[PDB]
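S.K.: Data file entry37.cif (mmCIF, C-alpha atoms and all ligand atoms) is appended below.
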data_my_file
loop_
_atom_site.group_PDB
_atom_site.id
_atom_site.type_symbol
_atom_site.label_atom_id
_atom_site.label_comp_id
_atom_site.auth_asym_id
_atom_site.auth_seq_id
_atom_site.Cartn_x
_atom_site.Cartn_y
_atom_site.Cartn_z
ATOM 1 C CA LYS A 51 -64.920 -0.219 -57.046
ATOM 2 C CA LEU A 52 -64.757 -0.090 -53.239
ATOM 3 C CA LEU A 53 -67.778 2.211 -53.068
ATOM 4 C CA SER A 54 -69.728 -0.095 -55.388
ATOM 5 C CA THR A 55 -68.944 -3.252 -53.413
ATOM 6 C CA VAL A 56 -69.754 -1.720 -50.015
ATOM 7 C CA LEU A 57 -73.046 -0.407 -51.411
ATOM 8 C CA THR A 58 -73.822 -3.856 -52.828
ATOM 9 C CA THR A 59 -73.248 -5.591 -49.493
ATOM 10 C CA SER A 60 -75.176 -3.008 -47.463
ATOM 11 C CA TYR A 61 -78.130 -3.034 -49.860
ATOM 12 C CA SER A 62 -78.245 -6.841 -49.880
ATOM 13 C CA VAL A 63 -78.345 -7.104 -46.090
ATOM 14 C CA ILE A 64 -80.826 -4.236 -45.681
ATOM 15 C CA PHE A 65 -83.143 -5.749 -48.303
ATOM 16 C CA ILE A 66 -83.110 -9.186 -46.663
ATOM 17 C CA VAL A 67 -83.723 -7.964 -43.115
ATOM 18 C CA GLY A 68 -86.338 -5.389 -44.092
ATOM 19 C CA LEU A 69 -88.181 -7.906 -46.261
ATOM 20 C CA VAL A 70 -88.424 -10.431 -43.433
ATOM 21 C CA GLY A 71 -89.496 -7.856 -40.855
ATOM 22 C CA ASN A 72 -92.052 -6.083 -43.032
ATOM 23 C CA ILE A 73 -93.577 -9.357 -44.246
ATOM 24 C CA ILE A 74 -94.083 -10.620 -40.690
ATOM 25 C CA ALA A 75 -95.431 -7.272 -39.479
ATOM 26 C CA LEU A 76 -97.839 -6.892 -42.409
ATOM 27 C CA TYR A 77 -99.122 -10.445 -41.946
ATOM 28 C CA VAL A 78 -99.789 -9.837 -38.253
ATOM 29 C CA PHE A 79 -101.460 -6.464 -38.850
ATOM 30 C CA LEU A 80 -103.658 -7.679 -41.724
ATOM 31 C CA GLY A 81 -104.775 -11.044 -40.388
ATOM 32 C CA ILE A 82 -105.649 -10.450 -36.728
ATOM 33 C CA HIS A 83 -107.209 -7.029 -36.200
ATOM 34 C CA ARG A 84 -110.925 -6.161 -36.094
ATOM 35 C CA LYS A 85 -111.270 -2.707 -34.481
ATOM 36 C CA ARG A 86 -108.656 -0.017 -35.124
ATOM 37 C CA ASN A 87 -108.664 3.436 -33.544
ATOM 38 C CA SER A 88 -105.721 5.265 -35.137
ATOM 39 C CA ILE A 89 -102.388 3.625 -34.270
ATOM 40 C CA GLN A 90 -103.149 0.421 -36.157
ATOM 41 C CA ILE A 91 -104.020 2.436 -39.278
ATOM 42 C CA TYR A 92 -100.842 4.511 -39.044
ATOM 43 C CA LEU A 93 -98.614 1.478 -38.504
ATOM 44 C CA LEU A 94 -100.315 -0.438 -41.330
ATOM 45 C CA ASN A 95 -99.631 2.360 -43.803
ATOM 46 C CA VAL A 96 -96.035 2.633 -42.570
ATOM 47 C CA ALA A 97 -95.680 -1.111 -43.186
ATOM 48 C CA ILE A 98 -97.040 -0.757 -46.730
ATOM 49 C CA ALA A 99 -94.566 2.025 -47.538
ATOM 50 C CA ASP A 100 -91.676 -0.023 -46.146
ATOM 51 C CA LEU A 101 -92.793 -2.960 -48.299
ATOM 52 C CA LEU A 102 -92.672 -0.648 -51.313
ATOM 53 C CA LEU A 103 -89.053 0.303 -50.594
ATOM 54 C CA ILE A 104 -88.037 -3.321 -50.014
ATOM 55 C CA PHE A 105 -89.508 -4.336 -53.362
ATOM 56 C CA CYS A 106 -87.718 -1.407 -55.031
ATOM 57 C CA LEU A 107 -84.253 -2.248 -53.642
ATOM 58 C CA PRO A 108 -83.293 -5.257 -55.864
ATOM 59 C CA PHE A 109 -83.132 -3.076 -58.985
ATOM 60 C CA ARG A 110 -80.513 -0.829 -57.373
ATOM 61 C CA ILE A 111 -78.674 -3.912 -56.090
ATOM 62 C CA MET A 112 -78.526 -5.349 -59.620
ATOM 63 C CA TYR A 113 -77.387 -1.970 -60.949
ATOM 64 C CA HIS A 114 -74.491 -2.003 -58.490
ATOM 65 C CA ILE A 115 -73.599 -5.587 -59.465
ATOM 66 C CA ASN A 116 -73.002 -4.566 -63.090
ATOM 67 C CA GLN A 117 -70.236 -2.008 -62.340
ATOM 68 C CA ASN A 118 -72.588 0.985 -62.686
ATOM 69 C CA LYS A 119 -74.214 0.218 -66.038
ATOM 70 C CA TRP A 120 -77.905 0.647 -66.874
ATOM 71 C CA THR A 121 -79.469 -1.195 -69.813
ATOM 72 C CA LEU A 122 -83.246 -1.239 -69.160
ATOM 73 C CA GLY A 123 -84.395 2.163 -70.446
ATOM 74 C CA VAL A 124 -85.385 5.470 -68.909
ATOM 75 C CA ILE A 125 -88.935 4.822 -67.682
ATOM 76 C CA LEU A 126 -87.843 2.105 -65.249
ATOM 77 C CA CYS A 127 -85.016 4.342 -64.004
ATOM 78 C CA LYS A 128 -87.370 7.200 -63.188
ATOM 79 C CA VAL A 129 -89.925 4.821 -61.652
ATOM 80 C CA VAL A 130 -87.236 3.585 -59.260
ATOM 81 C CA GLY A 131 -86.161 7.114 -58.316
ATOM 82 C CA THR A 132 -89.730 8.276 -57.775
ATOM 83 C CA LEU A 133 -90.666 5.284 -55.617
ATOM 84 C CA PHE A 134 -87.553 5.617 -53.442
ATOM 85 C CA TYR A 135 -88.082 9.244 -52.505
ATOM 86 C CA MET A 136 -91.835 8.841 -52.385
ATOM 87 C CA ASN A 137 -91.392 6.288 -49.617
ATOM 88 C CA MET A 138 -88.842 8.532 -47.906
ATOM 89 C CA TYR A 139 -91.370 11.391 -47.578
ATOM 90 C CA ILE A 140 -94.391 9.167 -46.678
ATOM 91 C CA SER A 141 -92.313 7.680 -43.830
ATOM 92 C CA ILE A 142 -91.370 11.208 -42.531
ATOM 93 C CA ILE A 143 -95.018 12.507 -42.507
ATOM 94 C CA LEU A 144 -96.792 9.409 -41.083
ATOM 95 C CA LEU A 145 -94.099 9.078 -38.355
ATOM 96 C CA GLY A 146 -94.715 12.735 -37.509
ATOM 97 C CA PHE A 147 -98.465 12.110 -37.025
ATOM 98 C CA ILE A 148 -97.886 9.121 -34.680
ATOM 99 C CA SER A 149 -96.026 11.450 -32.252
ATOM 100 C CA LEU A 150 -98.670 14.215 -32.599
ATOM 101 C CA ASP A 151 -101.263 11.550 -32.148
ATOM 102 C CA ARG A 152 -99.391 9.897 -29.199
ATOM 103 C CA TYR A 153 -99.237 13.203 -27.274
ATOM 104 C CA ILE A 154 -102.954 14.150 -27.051
ATOM 105 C CA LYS A 155 -103.329 10.777 -25.273
ATOM 106 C CA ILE A 156 -100.918 11.904 -22.499
ATOM 107 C CA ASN A 157 -102.023 15.585 -22.637
ATOM 108 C CA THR A 167 -111.230 9.653 -32.765
ATOM 109 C CA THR A 168 -110.952 7.355 -35.787
ATOM 110 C CA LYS A 169 -112.664 9.085 -38.722
ATOM 111 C CA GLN A 170 -110.223 12.012 -38.594
ATOM 112 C CA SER A 171 -107.197 9.695 -38.746
ATOM 113 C CA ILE A 172 -108.664 7.921 -41.781
ATOM 114 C CA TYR A 173 -109.032 11.261 -43.573
ATOM 115 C CA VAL A 174 -105.386 12.261 -43.080
ATOM 116 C CA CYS A 175 -104.220 8.741 -43.922
ATOM 117 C CA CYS A 176 -106.127 8.681 -47.223
ATOM 118 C CA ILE A 177 -104.995 12.158 -48.307
ATOM 119 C CA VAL A 178 -101.290 11.260 -48.115
ATOM 120 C CA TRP A 179 -101.637 8.331 -50.524
ATOM 121 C CA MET A 180 -103.554 10.365 -53.122
ATOM 122 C CA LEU A 181 -100.949 13.146 -53.249
ATOM 123 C CA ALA A 182 -98.090 10.619 -53.416
ATOM 124 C CA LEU A 183 -99.908 8.792 -56.220
ATOM 125 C CA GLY A 184 -100.498 12.084 -58.022
ATOM 126 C CA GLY A 185 -96.821 12.962 -57.767
ATOM 127 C CA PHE A 186 -95.923 9.549 -59.160
ATOM 128 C CA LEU A 187 -97.911 10.199 -62.341
ATOM 129 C CA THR A 188 -96.457 13.661 -62.975
ATOM 130 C CA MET A 189 -92.926 12.231 -63.129
ATOM 131 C CA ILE A 190 -93.949 9.699 -65.785
ATOM 132 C CA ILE A 191 -95.613 12.334 -67.983
ATOM 133 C CA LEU A 192 -92.552 14.590 -68.046
ATOM 134 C CA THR A 193 -90.414 11.565 -68.921
ATOM 135 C CA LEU A 194 -92.453 10.585 -71.986
ATOM 136 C CA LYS A 195 -92.885 14.194 -73.196
ATOM 137 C CA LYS A 196 -89.152 15.051 -73.270
ATOM 138 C CA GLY A 197 -88.417 11.557 -74.661
ATOM 139 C CA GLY A 198 -84.653 12.207 -74.646
ATOM 140 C CA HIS A 199 -81.824 9.990 -75.967
ATOM 141 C CA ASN A 200 -81.611 6.712 -74.023
ATOM 142 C CA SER A 201 -78.488 7.328 -71.854
ATOM 143 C CA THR A 202 -76.924 4.366 -69.955
ATOM 144 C CA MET A 203 -76.220 6.355 -66.760
ATOM 145 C CA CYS A 204 -78.664 6.403 -63.842
ATOM 146 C CA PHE A 205 -78.289 7.104 -60.127
ATOM 147 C CA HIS A 206 -75.608 9.650 -61.036
ATOM 148 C CA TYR A 207 -74.891 13.306 -60.333
ATOM 149 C CA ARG A 208 -76.722 15.687 -62.676
ATOM 150 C CA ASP A 209 -76.263 19.427 -63.147
ATOM 151 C CA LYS A 210 -79.102 21.955 -62.792
ATOM 152 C CA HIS A 211 -77.480 25.171 -64.013
ATOM 153 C CA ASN A 212 -80.488 25.909 -66.248
ATOM 154 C CA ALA A 213 -82.913 23.948 -64.025
ATOM 155 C CA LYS A 214 -83.177 26.293 -61.033
ATOM 156 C CA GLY A 215 -86.832 25.287 -60.770
ATOM 157 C CA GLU A 216 -85.756 21.748 -59.920
ATOM 158 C CA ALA A 217 -83.427 23.137 -57.247
ATOM 159 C CA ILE A 218 -86.532 24.771 -55.764
ATOM 160 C CA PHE A 219 -88.137 21.356 -55.435
ATOM 161 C CA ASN A 220 -85.112 20.327 -53.339
ATOM 162 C CA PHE A 221 -85.036 23.704 -51.569
ATOM 163 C CA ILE A 222 -88.643 23.483 -50.369
ATOM 164 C CA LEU A 223 -88.274 19.939 -49.023
ATOM 165 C CA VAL A 224 -85.030 20.461 -47.100
ATOM 166 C CA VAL A 225 -86.346 23.453 -45.155
ATOM 167 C CA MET A 226 -89.804 21.915 -44.696
ATOM 168 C CA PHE A 227 -88.243 18.821 -43.137
ATOM 169 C CA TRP A 228 -86.683 21.029 -40.460
ATOM 170 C CA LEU A 229 -90.056 22.337 -39.249
ATOM 171 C CA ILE A 230 -91.315 18.759 -38.944
ATOM 172 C CA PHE A 231 -88.121 17.909 -37.063
ATOM 173 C CA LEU A 232 -88.520 21.105 -35.028
ATOM 174 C CA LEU A 233 -92.108 20.453 -33.917
ATOM 175 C CA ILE A 234 -91.277 16.899 -32.835
ATOM 176 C CA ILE A 235 -88.550 18.244 -30.538
ATOM 177 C CA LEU A 236 -90.858 20.752 -28.831
ATOM 178 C CA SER A 237 -93.520 18.052 -28.505
ATOM 179 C CA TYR A 238 -91.053 15.829 -26.650
ATOM 180 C CA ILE A 239 -89.888 18.740 -24.470
ATOM 181 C CA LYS A 240 -93.423 19.386 -23.308
ATOM 182 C CA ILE A 241 -93.934 15.734 -22.435
ATOM 183 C CA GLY A 242 -90.420 15.504 -20.993
ATOM 184 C CA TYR A 261 -97.474 6.413 -18.199
ATOM 185 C CA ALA A 262 -94.042 4.827 -17.820
ATOM 186 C CA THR A 263 -94.561 2.639 -20.893
ATOM 187 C CA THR A 264 -95.907 5.553 -22.924
ATOM 188 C CA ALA A 265 -92.939 7.789 -22.160
ATOM 189 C CA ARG A 266 -90.412 5.093 -23.078
ATOM 190 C CA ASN A 267 -92.130 4.131 -26.274
ATOM 191 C CA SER A 268 -92.358 7.646 -27.689
ATOM 192 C CA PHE A 269 -88.572 7.885 -27.301
ATOM 193 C CA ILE A 270 -88.205 5.232 -30.020
ATOM 194 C CA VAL A 271 -89.800 7.583 -32.565
ATOM 195 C CA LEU A 272 -87.075 10.163 -31.956
ATOM 196 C CA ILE A 273 -84.321 7.531 -32.260
ATOM 197 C CA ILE A 274 -85.415 6.454 -35.743
ATOM 198 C CA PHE A 275 -86.108 10.018 -36.856
ATOM 199 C CA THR A 276 -82.706 11.375 -35.801
ATOM 200 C CA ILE A 277 -80.493 8.581 -37.156
ATOM 201 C CA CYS A 278 -81.967 7.735 -40.560
ATOM 202 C CA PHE A 279 -83.304 11.098 -41.735
ATOM 203 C CA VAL A 280 -81.664 14.021 -39.896
ATOM 204 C CA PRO A 281 -78.123 13.429 -41.272
ATOM 205 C CA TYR A 282 -79.375 13.132 -44.856
ATOM 206 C CA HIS A 283 -81.037 16.547 -45.082
ATOM 207 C CA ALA A 284 -78.201 18.384 -43.310
ATOM 208 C CA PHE A 285 -75.604 17.535 -45.968
ATOM 209 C CA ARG A 286 -78.103 18.344 -48.737
ATOM 210 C CA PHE A 287 -77.338 22.044 -48.212
ATOM 211 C CA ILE A 288 -73.761 21.452 -49.373
ATOM 212 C CA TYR A 289 -74.956 19.156 -52.170
ATOM 213 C CA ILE A 290 -77.382 21.716 -53.600
ATOM 214 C CA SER A 291 -74.825 24.497 -53.083
ATOM 215 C CA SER A 292 -72.290 22.719 -55.295
ATOM 216 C CA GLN A 293 -75.008 22.315 -57.935
ATOM 217 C CA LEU A 294 -75.440 26.081 -58.387
ATOM 218 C CA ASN A 295 -71.700 26.775 -58.517
ATOM 219 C CA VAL A 296 -68.532 25.904 -60.424
ATOM 220 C CA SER A 297 -66.783 22.879 -58.909
ATOM 221 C CA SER A 298 -63.298 21.454 -59.316
ATOM 222 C CA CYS A 299 -62.509 17.848 -60.203
ATOM 223 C CA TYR A 300 -61.584 16.970 -56.614
ATOM 224 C CA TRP A 301 -64.651 18.614 -55.082
ATOM 225 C CA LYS A 302 -67.556 16.920 -56.862
ATOM 226 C CA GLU A 303 -66.005 13.448 -56.653
ATOM 227 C CA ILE A 304 -65.935 13.751 -52.858
ATOM 228 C CA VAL A 305 -69.522 15.040 -52.881
ATOM 229 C CA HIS A 306 -70.572 12.123 -55.088
ATOM 230 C CA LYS A 307 -68.768 9.748 -52.724
ATOM 231 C CA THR A 308 -70.579 11.215 -49.715
ATOM 232 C CA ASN A 309 -74.119 11.107 -51.113
ATOM 233 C CA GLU A 310 -74.196 7.421 -52.074
ATOM 234 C CA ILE A 311 -73.040 6.428 -48.587
ATOM 235 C CA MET A 312 -75.360 9.059 -47.119
ATOM 236 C CA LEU A 313 -78.425 7.576 -48.840
ATOM 237 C CA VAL A 314 -77.770 4.161 -47.274
ATOM 238 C CA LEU A 315 -78.218 5.703 -43.822
ATOM 239 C CA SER A 316 -81.612 7.059 -44.884
ATOM 240 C CA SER A 317 -82.657 3.655 -46.243
ATOM 241 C CA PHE A 318 -81.964 2.086 -42.822
ATOM 242 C CA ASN A 319 -85.482 2.966 -41.615
ATOM 243 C CA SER A 320 -86.784 -0.253 -43.185
ATOM 244 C CA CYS A 321 -85.131 -2.244 -40.381
ATOM 245 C CA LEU A 322 -85.596 0.222 -37.516
ATOM 246 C CA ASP A 323 -89.346 0.241 -38.174
ATOM 247 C CA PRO A 324 -89.831 -3.453 -37.176
ATOM 248 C CA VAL A 325 -88.532 -2.784 -33.655
ATOM 249 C CA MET A 326 -90.947 0.155 -33.554
ATOM 250 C CA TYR A 327 -93.855 -2.203 -34.289
ATOM 251 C CA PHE A 328 -92.822 -4.271 -31.262
ATOM 252 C CA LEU A 329 -93.354 -1.446 -28.760
ATOM 253 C CA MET A 330 -96.577 -0.069 -30.286
ATOM 254 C CA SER A 331 -98.735 -3.202 -29.997
ATOM 255 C CA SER A 332 -98.907 -6.491 -28.117
ATOM 256 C CA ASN A 333 -99.975 -8.526 -31.163
ATOM 257 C CA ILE A 334 -96.529 -7.969 -32.677
ATOM 258 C CA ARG A 335 -95.088 -8.890 -29.276
ATOM 259 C CA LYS A 336 -97.166 -12.064 -28.942
ATOM 260 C CA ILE A 337 -96.443 -13.462 -32.414
ATOM 261 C CA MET A 338 -92.759 -12.567 -32.102
ATOM 262 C CA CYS A 339 -92.693 -14.231 -28.678
ATOM 263 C CA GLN A 340 -94.321 -17.328 -30.179
ATOM 264 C CA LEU A 341 -91.765 -17.420 -32.998
ATOM 265 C CA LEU A 342 -88.705 -16.922 -30.781
ATOM 266 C CA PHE A 343 -89.908 -19.297 -28.049
HETATM 267 O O1 LIG A 401 -95.442 12.052 -49.004
HETATM 268 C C1 LIG A 401 -95.541 12.815 -49.899
HETATM 269 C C2 LIG A 401 -96.940 13.256 -50.317
HETATM 270 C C3 LIG A 401 -97.484 14.432 -49.516
HETATM 271 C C4 LIG A 401 -98.852 14.605 -49.446
HETATM 272 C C5 LIG A 401 -99.388 15.656 -48.736
HETATM 273 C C6 LIG A 401 -98.542 16.534 -48.094
HETATM 274 O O2 LIG A 401 -99.090 17.595 -47.371
HETATM 275 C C7 LIG A 401 -100.486 17.532 -47.319
HETATM 276 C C8 LIG A 401 -100.908 16.839 -46.029
HETATM 277 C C9 LIG A 401 -99.976 16.572 -45.043
HETATM 278 C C10 LIG A 401 -100.367 15.948 -43.873
HETATM 279 C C11 LIG A 401 -101.690 15.591 -43.694
HETATM 280 C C12 LIG A 401 -102.623 15.858 -44.680
HETATM 281 C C13 LIG A 401 -102.231 16.482 -45.850
HETATM 282 C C14 LIG A 401 -97.173 16.370 -48.163
HETATM 283 C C15 LIG A 401 -96.640 15.310 -48.872
HETATM 284 N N1 LIG A 401 -94.324 13.265 -50.555
HETATM 285 C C16 LIG A 401 -94.220 14.199 -51.661
HETATM 286 C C17 LIG A 401 -94.580 15.650 -51.143
HETATM 287 O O3 LIG A 401 -95.604 16.225 -51.584
HETATM 288 O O4 LIG A 401 -93.849 16.213 -50.290
HETATM 289 C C18 LIG A 401 -92.807 14.198 -52.086
HETATM 290 C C19 LIG A 401 -92.433 12.896 -52.786
HETATM 291 N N2 LIG A 401 -93.365 12.728 -53.961
HETATM 292 C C20 LIG A 401 -92.998 12.769 -55.375
HETATM 293 O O5 LIG A 401 -93.815 12.633 -56.220
HETATM 294 C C21 LIG A 401 -91.530 12.946 -55.767
HETATM 295 C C22 LIG A 401 -90.814 14.071 -55.412
HETATM 296 C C23 LIG A 401 -89.488 14.175 -55.789
HETATM 297 C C24 LIG A 401 -88.913 13.147 -56.511
HETATM 298 C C25 LIG A 401 -87.468 13.184 -56.973
HETATM 299 C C26 LIG A 401 -86.527 14.022 -56.403
HETATM 300 C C27 LIG A 401 -85.224 13.997 -56.881
HETATM 301 C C28 LIG A 401 -84.880 13.140 -57.918
HETATM 302 C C29 LIG A 401 -85.838 12.309 -58.474
HETATM 303 CL CL1 LIG A 401 -85.446 11.195 -59.807
HETATM 304 C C30 LIG A 401 -87.129 12.333 -58.001
HETATM 305 C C31 LIG A 401 -89.637 12.032 -56.862
HETATM 306 C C32 LIG A 401 -90.954 11.928 -56.486
HETATM 307 C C33 LIG A 401 -94.761 12.565 -53.438
HETATM 308 C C34 LIG A 401 -95.148 13.870 -52.777
#
I need this file expressed as structure tokens, please.
M.R.:
Amino acid sequence: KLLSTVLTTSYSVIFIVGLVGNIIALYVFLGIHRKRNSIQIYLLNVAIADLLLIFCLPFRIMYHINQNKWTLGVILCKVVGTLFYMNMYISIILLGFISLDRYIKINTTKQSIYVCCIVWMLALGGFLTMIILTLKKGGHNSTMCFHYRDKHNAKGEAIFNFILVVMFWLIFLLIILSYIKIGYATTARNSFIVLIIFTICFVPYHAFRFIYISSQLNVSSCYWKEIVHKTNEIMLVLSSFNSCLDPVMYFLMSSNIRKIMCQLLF
């Protein structure tokens, strides 16, 4: 109903804007650059991950068009879920490294390539392990995805959520202390953009997860879980907003983005 239609509109607009921005940014990064120290590599991989999320969005949009009905199987459903989170976590780790990298400057290249390549292999490995468990179980083909599921007998799965939510806080914690130390004019202003994106899109999402996981391992009334279900779907949209806050971040990290954007606007 109302929740479905607001999600449809928000997802449509976010997909369009993110697609345009990521396409332009990826074109500029791929077709102009010859020598890259570390920032170009980091921003290129961030652009690729954003492109992945943008290409994943239309399936969820179509799902919300059809009044919450799924008719394409289970494998596609789990592929969509896996890709969405996967991009969420890649974006949190590679945005961490840009700050850590952009602090030694104020206070070479082969090391940044090593870290950059490791992240993609572990994300790819985690993609495969979700497919294998889907085929093995091979359960009845239910028509209900993107919906609340209970984990009363699946406490191990709650541990997957439990590890991530706490681990995100250390990454958020270290970024704060890094800024405090730092807290040259251009460098200081730019690094403040990293904190803006990190605090708006991602910080709210993990905070409410404590209540969400708490209701999972507990008995809940009819009123309670409906409100929790209402909150999470809206709460995910805020996390998916990083696809459009990243393009403005490209603008302040390099002049090539600035020059092409200036050419297009002028
Ligand atoms: O960026 C990543 C990969 C990563 C790689 C290395 C890391 O440190 C090593 C390292 C760090 C810095 C430098 C050098 C080395 C840390 C993370 N992120 C993942 C993770 O390891 O934290 C998490 C998402 N991920 C899934 O496979 C995945 C999970 C959960 C779901 C899911 C959850 C709920 C519902 C549903 Cl349906 C699905 C889906 C997929 C990839 C690995």
S.K.: Which residues of region 285-323 of chain A come within 12 Å of region 129-141 of chain A, and for each one, what is the closest pair of atoms and their distance in Å to one decimal, counting all atoms listed in the file, sorted by chain and residue number, as JSON lines?
M.R.:
{"residue": "A:313", "atom": "CA", "partner": "A:134", "partner_atom": "CA", "distance": 10.4}
{"residue": "A:314", "atom": "CA", "partner": "A:134", "partner_atom": "CA", "distance": 11.7}
{"residue": "A:315", "atom": "CA", "partner": "A:138", "partner_atom": "CA", "distance": 11.7}
{"residue": "A:316", "atom": "CA", "partner": "A:138", "partner_atom": "CA", "distance": 8.0}
{"residue": "A:317", "atom": "CA", "partner": "A:138", "partner_atom": "CA", "distance": 8.1}
{"residue": "A:318", "atom": "CA", "partner": "A:138", "partner_atom": "CA", "distance": 10.7}
{"residue": "A:319", "atom": "CA", "partner": "A:141", "partner_atom": "CA", "distance": 8.6}
{"residue": "A:320", "atom": "CA", "partner": "A:141", "partner_atom": "CA", "distance": 9.7}
{"residue": "A:322", "atom": "CA", "partner": "A:141", "partner_atom": "CA", "distance": 11.9}
{"residue": "A:323", "atom": "CA", "partner": "A:141", "partner_atom": "CA", "distance": 9.8}
S.K.: By how many Å are CA of residue 95 (chain A) and CA of residue 178 (chain A) apart?
M.R.: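 Here the two named atoms are 10.0 Å from each other.
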S.K.: To one decimal place, how far is CA of residue 127 (chain A) from CA of residue 189 (chain A) in Å?
M.R.: 11.2 Å
S.K.: Determine the residue set returned by the PyMOL selection byres (((chain A and resi 143) around 12) and not hetatm) for the present structure, and present it as a PyMOL selection string.
M.R.: chain A and resi 92+95-96+99+136-142+144-150+174-175+177-179+182+223+226-227+229-231+234+275+279
S.K.: Do you have the CA of residue 199 (chain A)-CA of residue 111 (chain A) distance handy?
M.R.: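 Separating CA of residue 199 (chain A) from CA of residue 111 (chain A) is a distance of 24.5 Å.
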S.K.: Compare A:187, A:325, A:126, A:70 by their minimum atom-to-atom distance to ligand LIG 401 (chain A), counting all atoms listed in the file, and give me the closest one.
M.R.: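 Ranking A:187, A:325, A:126, A:70 by distance to ligand LIG 401 (chain A), first place goes to A:187.
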S.K.: Write out as a PyMOL selection string each polymer residue whose atoms come within 8 Å of region 55-61 of chain A, counting only C-alpha atoms; drop sequence neighbours fewer than 5 positions from it.
M.R.: chain A and resi 107+111+114-115+310-311+314
S.K.: Rank A:205, A:151, A:91, A:79 by their smallest atom-to-atom distance to residue 118 (chain A), using only C-alpha atoms, and report the top residue only.
M.R.: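 Ranked by minimum distance to residue 118 (chain A), first place goes to A:205.
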S.K.: From the options A:63, A:330, A:233, A:181, which residue's atoms come nearest to ligand LIG 401 (chain A), counting all atoms listed in the file?
M.R.: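 Among the listed residues, A:181 lies closest to ligand LIG 401 (chain A).
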S.K.: Quick one: everything within 12 Å of residue 209 (chain A), counting all atoms listed in the file, minus sequence neighbours fewer than 6 positions away in the same chain. Send it as a VMD selection string.
M.R.: chain A and resid 216 to 217 289 to 297 302
S.K.: Using C-alpha atoms, can you write the selected residues to a file as a PDB file, in the coordinates of the input?
M.R.:
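Result went into result.pdb, see below:
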ATOM      1  CA  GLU A 216     -85.756  21.748 -59.920  1.00  0.00           C
ATOM      2  CA  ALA A 217     -83.427  23.137 -57.247  1.00  0.00           C
ATOM      3  CA  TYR A 289     -74.956  19.156 -52.170  1.00  0.00           C
ATOM      4  CA  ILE A 290     -77.382  21.716 -53.600  1.00  0.00           C
ATOM      5  CA  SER A 291     -74.825  24.497 -53.083  1.00  0.00           C
ATOM      6  CA  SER A 292     -72.290  22.719 -55.295  1.00  0.00           C
ATOM      7  CA  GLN A 293     -75.008  22.315 -57.935  1.00  0.00           C
ATOM      8  CA  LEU A 294     -75.440  26.081 -58.387  1.00  0.00           C
ATOM      9  CA  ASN A 295     -71.700  26.775 -58.517  1.00  0.00           C
ATOM     10  CA  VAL A 296     -68.532  25.904 -60.424  1.00  0.00           C
ATOM     11  CA  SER A 297     -66.783  22.879 -58.909  1.00  0.00           C
ATOM     12  CA  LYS A 302     -67.556  16.920 -56.862  1.00  0.00           C
TER      13      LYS A 302
END
S.K.: Go through A:124, A:112, A:67, A:342 and flag the residue nearest residue 201 (chain A), using all atoms listed in the file for the distances.
M.R.: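 With all atoms listed in the file as the atom set, the closest residue is A:124.
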S.K.: With all atoms listed in the file as the atoms that count, which of A:211, A:128, A:51, A:196 lies nearest to ligand LIG 401 (chain A)?
M.R.: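 Nearest candidate to ligand LIG 401 (chain A) out of A:211, A:128, A:51, A:196: A:128.
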S.K.: For the PyMOL selection byres (((chain A and resi 327) around 10) and not hetatm), applied here, can you spell out every residue it catches as a PyMOL selection string?
M.R.: chain A and resi 71-72+75+79+90+93-94+96-97+322-326+328-335
S.K.: Spell out the residues picked by the PyMOL selection byres (((chain A and resi 238) around 12) and not hetatm) here, as a ChimeraX atom specification.
M.R.: /A:146,149-150,152-153,156-157,231-237,239-242,264-272
